[PDB]
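Chain identifiers are assigned alphabetically (A, B, ...) following the order of the sequence lines, protein sequences preceding nucleic acid strands; residue numbering begins at 1 within each chain. All values below were derived from every heavy atom in this structure, side-chain atoms included, with hydrogens, water molecules and symmetry-related copies excluded.
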Number of protein chains: 2
Amino acid sequence: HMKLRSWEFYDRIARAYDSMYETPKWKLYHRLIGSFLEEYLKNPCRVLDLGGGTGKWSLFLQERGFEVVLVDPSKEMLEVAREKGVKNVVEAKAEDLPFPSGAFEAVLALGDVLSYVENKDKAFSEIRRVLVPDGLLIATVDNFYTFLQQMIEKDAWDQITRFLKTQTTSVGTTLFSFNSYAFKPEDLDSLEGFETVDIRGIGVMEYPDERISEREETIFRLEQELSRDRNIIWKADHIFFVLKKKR
Amino acid sequence: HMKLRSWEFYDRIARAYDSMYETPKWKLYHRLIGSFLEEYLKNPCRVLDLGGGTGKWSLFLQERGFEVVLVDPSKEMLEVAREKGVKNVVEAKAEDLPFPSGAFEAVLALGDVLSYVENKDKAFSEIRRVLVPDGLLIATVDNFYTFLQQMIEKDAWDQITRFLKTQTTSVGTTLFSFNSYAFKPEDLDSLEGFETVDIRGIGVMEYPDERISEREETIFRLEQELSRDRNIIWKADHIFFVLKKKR
Ligand SMILES: Nc1ncnc2c1ncn2[C@@H]1O[C@H](C[Se]CC[C@H](N)C(=O)O)[C@@H](O)[C@H]1O
Ligand SMILES: Nc1ncnc2c1ncn2[C@@H]1O[C@H](C[Se]CC[C@H](N)C(=O)O)[C@@H](O)[C@H]1O
């Protein structure tokens, strides 16, 4: 594997990115994320789409009358976003955001961005900085227990030992990889200057793709309910969470 | 298909029961459960093995110096337990125990006994009655979410719908079935007269059986850590819990 920085990996695949997440599972997950955004973002306001990639969620909010800026360190992702019609795009990393303090009511960090940033402390610090008091961070991240199950399936025993300590493993494709940090419950606990508002599981159950196609509405309603159950969310494929900047 | 009382099913398969559960996975789960018993029963005391079957756990305790009585409504299971060297055996159901009150320090209801009892109110009440103040119930039960995931792979959606309401499904053989009630968190919340001391996941991850044999110590120790993690236990194959009779 060639070891890349995250944005260098995304520079290589930007133009195929959207086509990779058009499976029944990913359609389902997008529908869930979309329903959650409409739940937490009641009214139009100022939003930073951080690591916003090809602009999926920026467009979603633009078309609902929000004032949206997309930020991303991948020049190719940004170019794809611009072509798709995202109006405000900026090249930057989460670790060092070029926006003044208190500029946004909400920051999105969807598609596991905070699992990819190289310095989580600076990243959470910058997010808190750019939000108004009581602003929300709305994010999804990789789940430690899902990674661990996957590693056990792909028989990575020399690697599990390290991973249990670091929570960090490689991700990517057959030829190119970058590092991901998979979150545990204690990672979302007493974050400095944030109140945890909600945590939810995305993909609490695994469904065969065939059944998702056959029964999308039924399965979306089930996952809606299951995502709200605290006792089971760390079973999920990915983790969604919301923080509120303390006053 | 034939529908049976739980103990009628066990009367049919009693002579094969020990042979059926001799697999790598179950060898692993038994090692987990044995280690938990040693943790919670640090001294020889008076134990009731309720639905103790062929006496696996009665014998485990007898050889460690405990005073154990095995109770089970299946005559054939009792006969197998006697032949294996279980000294004290009684034919009864959990819903109506012919023992005096306050007679045991602990009651074991292992191998999902409480998922099979027809009346959990009566069963829980009797258990409470035969325990001394601060006596323990130590038990394992089927996990609702594990059943649901299995059904999502295999069963008609209409069966899933019914199961979401009832938490009950048939178990057994292609030719013989009885009903199991799979537990949720809410079921272990505020049981009258008991304090929940601990809840643990048994078989939090899935392993290929081939790999369980190759890396048994490694897998045992990992599962031992994961079973103590409250955030992930509803992912587990089965649920282990400990209640204390309060005052
Ligand atoms: N340090 C970083 N700061 C901000 N974004 C980053 C950082 N490292 C990687 N990224 C970006 O995170 C994105 C992960 Se892909 C998710 C894209 C979008 N949020 C969606 O959900 O569709 C990539 O576009 C990548 O360039
Ligand atoms: N109402 C009931 N009360 C007590 N035991 C029951 C009841 N219904 C079924 N059982 C018993 O529950 C047992 C489940 Se099999 C488990 C046996 C033993 N506990 C072990 O772990 O190996 C069977 O022996 C069955 O006969």
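Remark: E39(A) pairs with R200(A), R228(A) by the salt bridge (charged side-chain N to carboxylate O under 4.0 Å, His left out) rule, at least two apart or across chains. When the salt bridge (charged side-chain N to carboxylate O under 4.0 Å, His left out) test is applied to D18(B), the partners found at least two apart in sequence or on another chain are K84(B).
From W157(B), atom CH2 reaches atom CD of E214(A) across 10.0 Å, with rounding to the nearest 0.5 Å. How far CG of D229(A) is from NZ of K184(B): 7.5 Å, rounded to the nearest 0.5 Å. Considering CE of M151(A) and CE of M205(B), their distance stands at 11.5 Å, rounded to 0.5 Å.
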Requested in this report: Evaluate side-chain contact (heavy atoms from CB on, under 4.5 Å) for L226(A) paired with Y145(B), printing each intermediate quantity in order.
Outcome: CA-CA 10 Å; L226(A) 296 178; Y145(B) 301 104; 4.1 Å; yes
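When side chains are defined from C-beta on, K235(B) does not count as touching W234(A), because their heavy atoms never get closer than 4.5 Å. Considering only heavy atoms from C-beta on, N231(A) comes within 4.5 Å of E186(B) through its side chain. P208(A) is listed as a side-chain neighbour of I152(B), based on a closest heavy-atom distance under 4.5 Å.
Only the side chain of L222(A) comes within less than 4.5 Å of a heavy atom in chain B; its backbone stays farther off.
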